[PDB]
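Q:
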Amino acid sequence: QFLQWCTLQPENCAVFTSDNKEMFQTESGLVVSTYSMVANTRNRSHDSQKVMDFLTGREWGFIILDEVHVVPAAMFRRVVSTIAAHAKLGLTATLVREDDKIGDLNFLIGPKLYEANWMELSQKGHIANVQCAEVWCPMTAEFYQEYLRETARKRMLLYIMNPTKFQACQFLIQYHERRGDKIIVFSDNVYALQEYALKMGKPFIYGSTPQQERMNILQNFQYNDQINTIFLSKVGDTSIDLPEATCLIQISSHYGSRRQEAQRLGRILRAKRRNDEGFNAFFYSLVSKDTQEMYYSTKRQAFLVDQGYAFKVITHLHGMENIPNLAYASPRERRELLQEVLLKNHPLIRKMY
Amino acid sequence: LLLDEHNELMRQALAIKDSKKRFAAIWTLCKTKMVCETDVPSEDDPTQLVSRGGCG
Amino acid sequence: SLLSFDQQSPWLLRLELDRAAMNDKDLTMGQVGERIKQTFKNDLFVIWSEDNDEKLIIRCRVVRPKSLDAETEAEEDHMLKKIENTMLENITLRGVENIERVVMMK
Amino acid sequence: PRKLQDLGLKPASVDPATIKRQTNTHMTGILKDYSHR
Ligand SMILES: [Mg+2]
Ligand SMILES: [Zn+2]
């Protein structure tokens, strides 16, 4: 983005990442790194130790902290005191967090200069309109019985993998795919991600996936028409640009965090055709009824309401029954899945040896 | 010459007064160089390369 | 009786030292026993007889590691033939290297 | 070539000393390599 938007010559630009660790030798240059590469203190590599000395030795004139909502953490705050810089700037789409340390930003980097409305840009064509929706999936009788006896830690997995959600996701994916819409399915649970991905034969991404493989997946989804839907995870929760994405779905969630809700929605807010007549992006939030999900759903969506977004309650999805095949339609499959998920919890002597 | 004054090891070799031993030192350093090194790292620092008369 | 030994190898290396030789140069089996013990710190067990014994004998045993090497049994005796040869040559009981013999003159 | 240049005539050649000789596997087989755009 730097290279494309400004006239910065490539020679003066250096990238400080895990892959390559060569630094610019020109009088003035740019180093783009991450907090983990500047906030880590105990274990730095020999290749990464020289770069850290290179960063520390020189007196920087400006620091750009992207996603400044992570700087007030326990250890990330150490960087602001160690590194030398005459001016500090913070960039973040969301300036809220669970703890009260958000107010500490005043004396850490400075006050908040400007903020921009969401609906104002939506009506001016700068960002796309969204038909936010909230789908209520009733809990199946069999699973709900274990929900009462089971503990909180295992209860989460119980009502997140109810068979009804599987049926709704399959119908929605097929219906939206024929509509020529690029769908994104979020799921914080890796086990559910793999099970959903393998059951539907679609690519999935999470922490263990290598950078090379995910890049190929992203490019294929972006430019290859065959891959119209993907399965993102917490890794893709923020700071990944998908200009072709228009529809968004989320299965699991990281409890009550309202920030993650806004970041995930941002993937479709930058859709390609955000100015064509009558364009309305879609955001579906499948949640199990009579579970702790309602506590987390209404608690993690209180920020978007403040911005101006309004969620539409979908108690019934029209035409869901007429779809030819639905997953876990028979009791036998439901029982099999129930047990499967329930069971989850002398240098010469050297030759001798 | 395969090695110019840009190399510290060559600098000391060229500082030898007597001809017979100076030639031996140069031969030892130069006989293991299998390329002309059209561009050589600058002596001020190894970041940028200073161009010298060569053919690669 | 005076006293690990479970994993000691059953192959024994026995060295018979000359009573006269250890008396030509002031030596005792205790010091040389430690000399062998320090060449290889604790990878083999050694017992040495006393001076009063009619015959001077050193018994050495190599101790195998916890992991079992099925392939080394074929060369187990050969390895003993190797270390013993190096124990006869590469061991410096006392003195300065490259010193063959010393004679006293007045 | 050097002799001609010294006498004034432009040589139509140069000394040959100047020339410088310079996780998921179920999708395998489906993803096309869109490396560039
Ligand atoms: Mg960003
Ligand atoms: Zn040359």
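Chains as they are written, first to last, in PDB author numbering: chain S, 423 to 767, 830 to 837; chain G, 113 to 168; chain D, 1175 to 1177, 1184 to 1286; chain F, 275 to 296, 313 to 327.
The beta-carbon is built from N, C-alpha and C at its ideal position, and this holds for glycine as well.
Span of the alpha helix (DSSP H) holding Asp469(S)?
A: Start and end: 468-479.
Q: Check the DSSP bridge columns for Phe1225(D) and list the partner residues they point to.
A: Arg1241(D)
Q: Using a C-beta to C-beta distance shorter than 9 Å, which residues of chain F count as neighbours of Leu620(S)?
A: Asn314, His316
Q: Could you check whether the Cβ of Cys167(G) sits closer than 8 Å to any heavy atom belonging to ligand 2?
A: yes
Q: Ordered along the chain, which non-local residues of its own chain (more than five positions away) have a Cβ less than 8 Å from that of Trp558(S)?
A: Cβ neighbours of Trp558(S) beyond the five flanking positions: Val709, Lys711, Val735, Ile736, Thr737.
Q: Can you tell me the Cβ-Cβ gap for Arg1241(D) and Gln1188(D), rounded? I've got them flagged as a contact below 8 Å.
A: 5 Å
Q: To the nearest whole angstrom, what separates the beta carbons of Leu477(S) and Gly512(S), a pair I think is in contact under 8 Å?
A: Contact doesn't hold; Cβ gap of about 19 Å is too wide.
Q: With 16 other CB atoms within 10 Å as the buried threshold, where does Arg695(S) fall?
A: exposed
Q: List, in order along the chain, the chain F residues whose C-beta lies closer than 8 Å to that of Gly168(G)?
A: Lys294, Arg295, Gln296
Q: Looking only at its chain, what residues have a beta carbon closer than 6 Å to the beta carbon of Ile1227(D), apart from the 5 residues adjacent to it on each side?
A: Excluding the 5 residues flanking it on each side, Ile1227(D) has same chain C-beta neighbours closer than 6 Å at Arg1239, in chain order.
Q: Please list the segments of the beta strand (DSSP E) lying wholly inside the segment 536-566 of chain S, counting only runs of 3 or more residues, in order along the chain.
A: 551-559
Q: Beta-carbon within less than 6 Å of residue 778(S)'s beta-carbon, same chain only, minus the 5 sequence neighbours each way: which residues are those?
A: For residue 778(S), no position is available: the coordinates of chain S end at 767 and pick up again at 830.
Q: Pull up the distance between the alpha-carbon of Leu748(S) and that of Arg756(S), whole angstroms please.
A: 12 Å
Q: Residue range of the alpha helix (DSSP H) that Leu283(F) falls in?
A: Looking at the DSSP string, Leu283(F) is not in any alpha helix (DSSP H), and its letter there is neither H nor E.
Q: Indicate, with yes or no, if ligand 1 has a heavy atom lying under 8 Å from the CB of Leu764(S).
A: In this structure, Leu764(S) has its beta carbon at no less than 8 Å from each heavy atom of ligand 1.
Q: With three or more beta-carbon pairs closer than 8 Å as the criterion, would you say the segment 637-653 of chain S touches the segment 567-584 of chain S?
A: no
Q: Which of the three DSSP states is assigned to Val437(S) in this structure?
A: strand
Q: Shorter than 8 Å, the distance from the beta carbon of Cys148(G) to the closest heavy atom of ligand 2, or not?
A: At least one heavy atom of ligand 2 lies closer than 8 Å to the C-beta of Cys148(G).
Q: Any heavy atom of ligand 1 inside 8 Å of the beta-carbon of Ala515(S)?
A: yes
Q: Answer with buried or exposed for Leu113(G), where buried requires no fewer than 16 other C-beta atoms within 10 angstroms of its C-beta.
A: exposed
Q: Under 6 Å Cβ to Cβ from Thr448(S), same chain only, skipping five residues before and after it: list those, please.
A: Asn434
Q: For residue 172(G), which of helix, strand or coil comes out of DSSP?
A: Since the first residue shown for chain G is 113 and the last is 168, residue 172(G) is missing from the structure and cannot be characterised.
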